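Protein chains in written order, with this note's numbering: chain A, 5 to 241; chain B, 5 to 241; chain C, 37 to 96; chain D, 8 to 119; chain E, 8 to 119; chain F, 302 to 553; chain G, 37 to 303; chain H, 210 to 259; chain I, 210 to 259; chain J, 210 to 259.
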Amino acid sequence: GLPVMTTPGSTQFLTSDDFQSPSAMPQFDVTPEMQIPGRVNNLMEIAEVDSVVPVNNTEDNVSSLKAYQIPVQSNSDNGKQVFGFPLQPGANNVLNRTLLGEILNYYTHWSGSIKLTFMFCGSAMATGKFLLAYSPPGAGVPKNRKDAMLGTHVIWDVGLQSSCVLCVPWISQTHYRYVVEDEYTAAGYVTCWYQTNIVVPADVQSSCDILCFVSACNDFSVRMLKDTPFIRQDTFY
Amino acid sequence: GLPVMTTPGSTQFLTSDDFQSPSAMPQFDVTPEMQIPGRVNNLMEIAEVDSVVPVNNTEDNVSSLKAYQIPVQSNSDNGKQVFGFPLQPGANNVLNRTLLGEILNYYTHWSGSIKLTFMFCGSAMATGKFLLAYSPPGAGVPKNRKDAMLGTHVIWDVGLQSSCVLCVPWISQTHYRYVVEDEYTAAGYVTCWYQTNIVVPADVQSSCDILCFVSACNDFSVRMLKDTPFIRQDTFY
Amino acid sequence: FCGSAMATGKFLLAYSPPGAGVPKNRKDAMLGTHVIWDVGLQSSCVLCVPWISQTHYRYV
Amino acid sequence: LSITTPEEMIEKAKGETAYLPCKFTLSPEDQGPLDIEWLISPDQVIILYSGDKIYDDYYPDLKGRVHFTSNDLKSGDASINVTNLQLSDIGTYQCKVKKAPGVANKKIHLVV
Amino acid sequence: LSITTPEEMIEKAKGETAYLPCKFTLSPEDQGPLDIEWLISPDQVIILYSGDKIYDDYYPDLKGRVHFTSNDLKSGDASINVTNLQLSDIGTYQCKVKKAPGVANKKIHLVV
Amino acid sequence: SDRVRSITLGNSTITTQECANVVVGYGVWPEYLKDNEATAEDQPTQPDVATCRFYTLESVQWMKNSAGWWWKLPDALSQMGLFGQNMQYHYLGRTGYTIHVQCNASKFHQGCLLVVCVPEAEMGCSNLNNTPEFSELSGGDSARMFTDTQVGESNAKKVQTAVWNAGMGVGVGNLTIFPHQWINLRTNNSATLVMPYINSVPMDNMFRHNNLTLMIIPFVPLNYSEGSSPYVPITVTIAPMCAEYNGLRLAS
Amino acid sequence: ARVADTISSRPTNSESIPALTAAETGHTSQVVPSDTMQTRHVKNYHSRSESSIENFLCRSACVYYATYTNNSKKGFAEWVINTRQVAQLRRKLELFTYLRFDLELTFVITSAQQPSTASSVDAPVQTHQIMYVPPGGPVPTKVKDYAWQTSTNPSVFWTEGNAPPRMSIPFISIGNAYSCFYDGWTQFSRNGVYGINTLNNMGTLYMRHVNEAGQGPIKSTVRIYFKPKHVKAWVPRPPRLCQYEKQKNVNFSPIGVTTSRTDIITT
Amino acid sequence: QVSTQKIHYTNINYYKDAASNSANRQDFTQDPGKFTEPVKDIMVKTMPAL
Amino acid sequence: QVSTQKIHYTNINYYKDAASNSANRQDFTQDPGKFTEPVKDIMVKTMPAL
Amino acid sequence: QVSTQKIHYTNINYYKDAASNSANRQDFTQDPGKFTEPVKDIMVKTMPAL
């Protein structure tokens, strides 16, 4: 008869407890394991895979394959914009349903930097240059090329190699950032501008298209697991 | 099946218990700490800061800055009193709302000695002398300078340096003292008397003012934490 | 300061390099090189203007 | 809370002014609001003190004849001055003070 | 949920168009459906916004005279434009927004 | 001796004949951001001569019926040269200040000031449900002043300027727990504080968050006889120490 | 952690004056009572243990209580977690500017019968569910819904007649310390509300019954109790004098410094 | 694991987190020098201040 | 038996099965190279890809 | 920690206070000489008292 006293917090069912439990079928021998290829060990081995970013929604391309293409045509005037969006990878409706965005909508805080792989899926004799700018917040969106070249930017040329990875850095006052749309920890905007035109020879089509990927760096991290807002239910199937 | 017996005192919720508890979010990694300047480690690093003592209430100066000033004028007759109050640093309504008095109104017992920093905030060519007396209890308040100079007192002269710290000692029969108004452990009175007049040259104002601080020594201590009587409530905000 | 003994004050001794005009407010002159002089027992203050020029010499 | 002498006998003459004392001290637990009553049984209240304001029109035979004495009622003074004593003022007077969590009585027997 | 200025006084003239602002921000816990009301007490609803569709035939004296202003109501705009102000439009207007688990009010006093 | 100091910084120099000792923060000196504490992913810029100099704000007249003044500290330096231009093009930035306030009178005036530097000074509005706006809370290099009378209820968005509550609902006698000094015209002439970077995050934006507040409150009011000089001005000088920035963008 | 002792002294007469000083330099004097009188060597055995931070703050206090009726539609209680609503705890927190602590949430749940109409009512023991939602998760609207069960938010299930439930929450913040005060807006155009920060959001708490309406409505009531542990405080602050009025802002009405007395020499 | 109280007592950590431990209640250190004397030039008690 | 937490803690197995133990929560290993670079010829960062 | 009873028994202190321990019940010491003979000159049994 050892004397004990029961602390508060007993006879409860916490849904994230770590306790042992008596087995139902004792002395069960499981079937032995196998070297199945492709063992995932961490969910940060999924954010380091690229996925195409549907950056061309516009209410008519959402139910199609046109949502992944950015139309790039041989313009007549110079210094025009190609696209642009704020960088909220759990709150914006462009980086939402990508492979990175459906991992961040299980967690609450995130950190680290983001890679943005582009690809010129155009013709072979058509060349050009692009300016991939990322402006940190505090001001509005940039509106001219003269205002966007002050931020962080690379200048991309298309040749034999047809990719360019703008790696946006981690410039923030806090050690983490929310995934829901907040104003305190916004992460600026990412734009893309014509440097020169898209020149093209005779008897070639003009409107070349560009794809865009997204991925995480080697130093990405998350925190505070929550439940997703993307799946509803009203009955049992 | 180890045999146990539950002592009385189980299945209760004591509001000052020290027990472990299962976490809700396991394997959480907190954000790392920072060398923020000004780390407080003990609440006896707050009572060793001076604060101005509102010793001039008189029902008209309470809603003003006049409550901190002691009017000191060039008197005509000699041996008059400047101020006076009993030394109950949680019970009197002069040492109540100071920085020392709003720490002692979280505890019940106190001990140690008290410093009383004064400061002559007058002109530069006006001199004078003051007598800062502290009389232990048992008798009434002193009423003449002849009765107050028998206690513990310093004689303050104003010159280049313009401060004088009367350090009242710890003279009490008990090892502690209450903070509420009791008659058993009262701590006497502190008065202040004109030694000589305040002389002054021509074309200078006469009514110089004096500020008064209060602080604790290096050997102050408290006990028996309670809840304060200064903040009421009737609803949720 | 060749004044009285009980009179005090403070002064701002500014030197502005060329390129702009003369300064016109105290807000414009405190951007240059300046010392802030107090008068007390000692009654002097030596603003030492530096040698800020593109050339190794200067005309008279 | 404790009164100095919870019962005594006071002997005065007619036309004089009675002085019924009621003093107390304060134990450290007493932190609530103050309350002071006075009774008579020749159980009718004759004066009150609650919420810092005096209410004193309660007994018709003693209308405008009884007052508190001191100006410092929160220091241990609850004495009243009965002016113009008459023959019909015979009865036990009860000084009920109630500062929570304390309570005390004082039965003053007044015979003229 | 929080409105910029929960009460003020607006002074306009007759025949003009009033502009009663109601802006807000969004704390991160607010994830439910949106709800926007407007009241009057010269406690009658004058406009609604729930389920992404506007219902606006509620007050007979203001029939077809009040409209929302912006096209981006889920960004922190709830201002209304009161056209053709008359003398009988005196009363406190109440902008009630309720996105769960948040709720806020704004009592706009309009005097012409 | 022990009365004279001469603090210099960059291309300026503040000298004082009569002043007390200098008080430095909570016991630390403003140094650069160490690599263990940083969180930004790029390299900072350190001008270090273009910012670290003594800017001078406007002056205020100390009348007899004065109340007090306050400045919001990384907002008064918004137009002062290369500090005000590096604050706009960047996004982050940490600072450490060296506040200096000076007010001279003769041996015949009497009075006493209190110079305190309050971190995170939230002020109270006039109406209990509103919040004060930006134009009535601080000014570019212009001191906002307290009053000696409670602000009426008819105002919509105005700061409560009751001086015995110091605007923040706190007793003004307890304000000495912050780093502070006293200006006393009997024995002192100039007060000086050194304030390190005090914030819960290692770097912060500077247009949205004023993380210091220099308050000046006269306890003993100014008083003299007829025949003395009636105009006594106060003038404050602030110099940022060891500043650095991050995150270029457009102007705003 | 004993306090300092006191050493004896002799009647001196010399040039070294320990009592005269100057408070202009912001330096609170460090004198001992052995410098202005004659003392005896007192062995001193007091302790400064109960004045530390971990003995001043680690005590449980109520933060909120809400009631909810079993026989109702939308009968359930939501509450965003914040310290600002009670006043006996809030004044203890604003002594310091930056705090850092974990938390031990504890609930005390009581029930009461409503004046029902049905005859010979009898109910078995009830069950309560206290769901904790981190900031951003999907929240439920009605009580009979599938978002209550089918979720990975950490909830706790409790039945009556047992010990009160208790869960522990670590330091969930984005900065390095909770900010008790935030002077400056949250939008870069400097418009809108004043002191609203996104540095001390901890989430909401959703509480409801699990049983169904058998014969008689039951109105419950649940109190929530904090307990900060491992606390580190920074940059102290003078204590709040005027009364609180709102939970978000710091606004107030002016009042005098202290209660008055009759005359400056009245003891 | 085993330490003294205010004789000894035995304390074992059970859960494998850090926020699950009991309160320390024995962090006895103080340093009031960063509030009383936050000055640059050092100040002696016996000598005059100026 | 005794290991560190996120100081130490003590864990004892009681039941004599394998499915009765508590969750590990401390299997900290990762290898993203089988998803990022699943190629045959190795690829350097600095050199061009073709 | 382990001592004899009125065979042995094992007692462990759990809480980290001093007022939380159980009662001692084994403080067996007495000295009646300060009540029976509180005198200055010592007194022998066998000799006469005066």
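We put the CB at the ideal spot given by N, CA and C, even for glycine.
Identify the residues that DSSP records as bridge partners of residue i: which are they?
i	result
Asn-88(D)	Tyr-26(D) and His-74(D)
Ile-205(G)	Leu-139(G)
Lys-46(C)	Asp-74(C)
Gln-482(F)	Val-416(F)
Hey, how far is the Cα of residue i from the Cα of residue j?
i	j	result
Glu-15(D)	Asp-79(D)	24 Å
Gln-165(G)	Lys-263(G)	21 Å
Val-52(D)	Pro-35(D)	29 Å
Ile-10(E)	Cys-29(E)	7 Å
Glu-185(B)	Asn-49(G)	40 Å
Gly-42(A)	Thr-19(B)	52 Å
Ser-229(H)	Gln-24(B)	6 Å
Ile-232(G)	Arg-181(A)	17 Å
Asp-54(A)	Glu-246(I)	12 Å
Between residue i and chain B, is the shortest Cβ-Cβ distance under 8 Å, so that the two count as touching?
i	result
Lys-254(I)	no
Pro-541(F)	no
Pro-30(A)	no
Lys-215(I)	yes
Could you tell me whether any Cβ in chain H is nearer than 8 Å to the Cβ of residue i?
i	result
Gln-165(G)	no
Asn-220(J)	no
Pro-26(B)	yes
Leaving out the 5 sequence neighbours to the left and right, which residues in its chain are closer than 7 Å to residue i when beta-carbon positions are compared?
i	result
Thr-131(B)	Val-162 and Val-203
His-217(J)	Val-211
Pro-140(B)	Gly-155, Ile-175 and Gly-192
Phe-234(B)	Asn-109
Quick one: which chain K residues come within Cβ less than 8 Å of residue i?
i	result
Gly-42(B)	Annotation note: the requested chain K is absent from the structure, which comprises protein chains A, B, C, D, E, F, G, H, I and J.
Please check if any C-beta of chain F sits within less than 8 Å of the C-beta of residue i.
i	result
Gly-94(B)	no
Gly-132(B)	no
Please confirm if residue i has its CB atom under 8 Å from at least one CB of chain E.
i	result
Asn-506(F)	no
Leaving out five residues on either side along the sequence, give the residues of the same chain with a beta carbon under 8 Å from the beta carbon of residue i.
i	result
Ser-204(G)	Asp-138, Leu-139, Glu-140 and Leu-141
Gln-101(D)	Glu-44, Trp-45, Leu-46, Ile-47, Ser-48, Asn-112, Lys-113, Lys-114 and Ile-115
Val-122(G)	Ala-97, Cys-98, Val-99 and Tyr-100
Quick check on residue i - is its C-beta less than 8 Å from some C-beta in chain G?
i	result
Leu-103(B)	yes
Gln-51(E)	no
Is residue i close to chain A, meaning its C-beta is less than 8 Å from at least one C-beta of that chain?
i	result
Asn-547(F)	yes
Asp-33(B)	yes
Would you say residue i lies against chain I (beta-carbon separation less than 8 Å)?
i	result
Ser-115(A)	no
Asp-226(H)	yes
Determine, for residue i, whether the minimum Cβ-Cβ distance to residues of chain D falls below 8 Å.
i	result
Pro-233(B)	yes
**Report entry** Contact list for the stretch 183-200 of chain A against chain E, Cβ threshold 8 Å
**Finding:** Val-184, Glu-185, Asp-186 and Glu-187
Requested in this report: Check distances from the C-beta atoms of the stretch 472-499 of chain F to those of chain H and list, in chain order, the residues that come in under 7 Å.
Outcome: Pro-480
Query raised in the report: If contact means a Cβ-Cβ distance below 8 Å, which residues of the stretch 279-293 of chain G contact chain E?
Result: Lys-284
Query raised in the report: Which residues, taken in chain order from the stretch 7-19 of chain A, show a beta carbon closer than 9 Å to some beta carbon of chain G?
Result: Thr-10, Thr-11, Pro-12, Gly-13, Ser-14, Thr-15, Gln-16, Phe-17, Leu-18 and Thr-19
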